[PDB]
Amino acid sequence: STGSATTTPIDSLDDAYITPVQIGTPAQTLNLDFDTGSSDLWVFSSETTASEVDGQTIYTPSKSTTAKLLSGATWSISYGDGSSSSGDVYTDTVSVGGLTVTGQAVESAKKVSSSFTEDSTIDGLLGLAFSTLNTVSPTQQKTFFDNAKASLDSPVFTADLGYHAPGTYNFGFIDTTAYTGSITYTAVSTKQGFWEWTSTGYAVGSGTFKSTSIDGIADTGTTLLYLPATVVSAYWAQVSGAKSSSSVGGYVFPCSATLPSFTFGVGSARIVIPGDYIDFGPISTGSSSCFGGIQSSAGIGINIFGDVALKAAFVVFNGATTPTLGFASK
Ligand SMILES: COC(=O)[C@@H](N)Cc1ccccc1
């Protein structure tokens, strides 16, 4: 089997991407944030505290003939930005882009934090990291990808995120028309449950490439590119007037600037992030200070190749027995 679904930015900044997902019978379509940095499929639901729902589409298990309570199971998750959600669990039929999994754990939110409530465009998350990170207790559950794997033509999914435009998540096949050149594969460590890999270095603009190992995660659920302070300082030093603002919470730059590109290494290959991808616009409406798309990972504890980096590439998440990650230019 295979699946193919379009993923669409939620706003003009590509703050996140939403992908329609069919849950239950008859289908209930919810727009989920596909997140390679976590491993829970959770949704706003008929059980979500009413004051915490503001415009989201909800899953109602009582209206699905294939829903079954996963008796006694609960879940609770906290993300890197401090947001969180929790609730109970149903199994149901879940389809993405024509690919169907029966008996998928669908985690129904009873509570969500304010950041989720305030974002009316995201109806939940679909985790695509390793199932060892799944938070369901007392019986840990598998991700949609892990459940789908055995039916897939090939044990892979691909992320092809657009810049200010829709893109595609494919399951079970590599679309050789979706990228240019060849795919460079690199080793993955699953020790922390993430798609964790080591970049071979970086360049700023037209500058020389610095060969240096940068361990980080490929995370479609994180908006920005978070790298060591040394790297990030070297980037912003090339932008007149750029500075790190403790009041704003990161690097800002004059909205009049032209940003340099940023290159990262994948083995001997190179992925170039155009400067425009690094512009996240005014810090507040009408401001002449703009928020940077490359930020320091100091204090996070891990480097994160989020959407800013991933959208510059066609990315293969190879879930074979020995997992790997592939990157191609596009
Ligand atoms: C910082 O992002 C993260 O840790 C993402 N992996 C999960 C996330 C997505 C959307 C909202 C909140 C969290």
Matching entry among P166, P138 (being surrounded by fewer than 15 Cβ atoms within 10 Å (Cβ to Cβ) and under 15 Å from the mean Cα position of the chain (by Cα)): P166
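Quick grid of which residues meet (1) surrounded by fewer than 22 Cβ atoms within 10 Å (Cβ to Cβ); (2) not hydrophobic (A, V, I, L, M, F, W, C):
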{"site": "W195", "(1), (2)": "no, no"}
{"site": "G207", "(1), (2)": "yes, yes"}
{"site": "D219", "(1), (2)": "no, yes"}
{"site": "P228", "(1), (2)": "yes, yes"}
Could you tell me whether any residue of the stretch 197-215 is closer than 27 Å to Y17 by Cα, touching a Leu at 6+ places or on another chain (Cβ under 6 Å), assigned to a strand (DSSP E or B) and away from the ligand (no atom under 16 Å from the Cβ)? no
Among what's in the stretch 268-295 and is without any contact (Cβ under 8 Å) to a residue 40 or more places away in the chain and in a strand (DSSP E or B), pick the residue that is farthest from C255 (Cα to Cα). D279
Here's a check for you: in the stretch 127-139, which residue that is closer than 13 Å to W195 by Cβ and part of a loop (DSSP other than H, G, I, E, B) is farthest from the ligand (Cβ to nearest atom)? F130
Within the stretch 111-126, residues in a loop (DSSP other than H, G, I, E, B), touching a residue at least 40 places away in the same chain (Cβ under 8 Å) and not hydrophobic (A, V, I, L, M, F, W, C) come out as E118, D119, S120, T121, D123
Condition test on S62, is it without any contact (Cβ under 8 Å) to a residue 40 or more places away in the chain, assigned to a strand (DSSP E or B), hydroxyl-bearing (S, T, Y) and surrounded by fewer than 15 Cβ atoms within 10 Å (Cβ to Cβ)? no
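Yes or no, residue by residue, for (1) away from the ligand (no atom under 16 Å from the Cβ); (2) farther than 19 Å from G221 by Cα:
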| residue | (1), (2) |
| --- | --- |
| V94 | yes, yes |
| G98 | yes, yes |
| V106 | yes, no |
| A109 | no, no |
| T117 | no, no |
| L125 | no, no |
| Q141 | yes, yes |
| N147 | yes, yes |
Scan the stretch 15-31 residue by residue and report those that are assigned to a loop (DSSP other than H, G, I, E, B) and within 13 Å of the ligand (Cβ to nearest atom). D15, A16
Please give the number of the condition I300 fails out of (1) out of contact with any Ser or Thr (no Cβ under 8 Å at 6 or more places or on another chain); (2) assigned to a strand (DSSP E or B). (2)
Scanning the stretch 231-249 residue by residue, the ones that are surrounded by 12 or more Cβ atoms within 10 Å (Cβ to Cβ) and within 26 Å of the chain's Cα centre (by Cα) total 9
Given (1) within 13 Å of the ligand (Cβ to nearest atom); (2) at positive phi, identify the lone condition not met by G80. (2)
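Condition check ((1) over 15 Å from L128 (Cβ atoms); (2) under 22 Å from the mean Cα position of the chain (by Cα)) across all residues:
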| site | (1), (2) |
| --- | --- |
| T2 | yes, yes |
| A5 | no, yes |
| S12 | yes, yes |
| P26 | yes, no |
| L30 | yes, yes |
| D33 | no, yes |
| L41 | no, yes |
| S46 | yes, no |
| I58 | yes, yes |
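So basically every Cβ, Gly included, is an ideal-geometry build from the backbone, and we count neighbours across all protein chains shown. Values quoted throughout were computed directly from the atomic coordinates according to the rules given, and no laboratory measurement underlies them.
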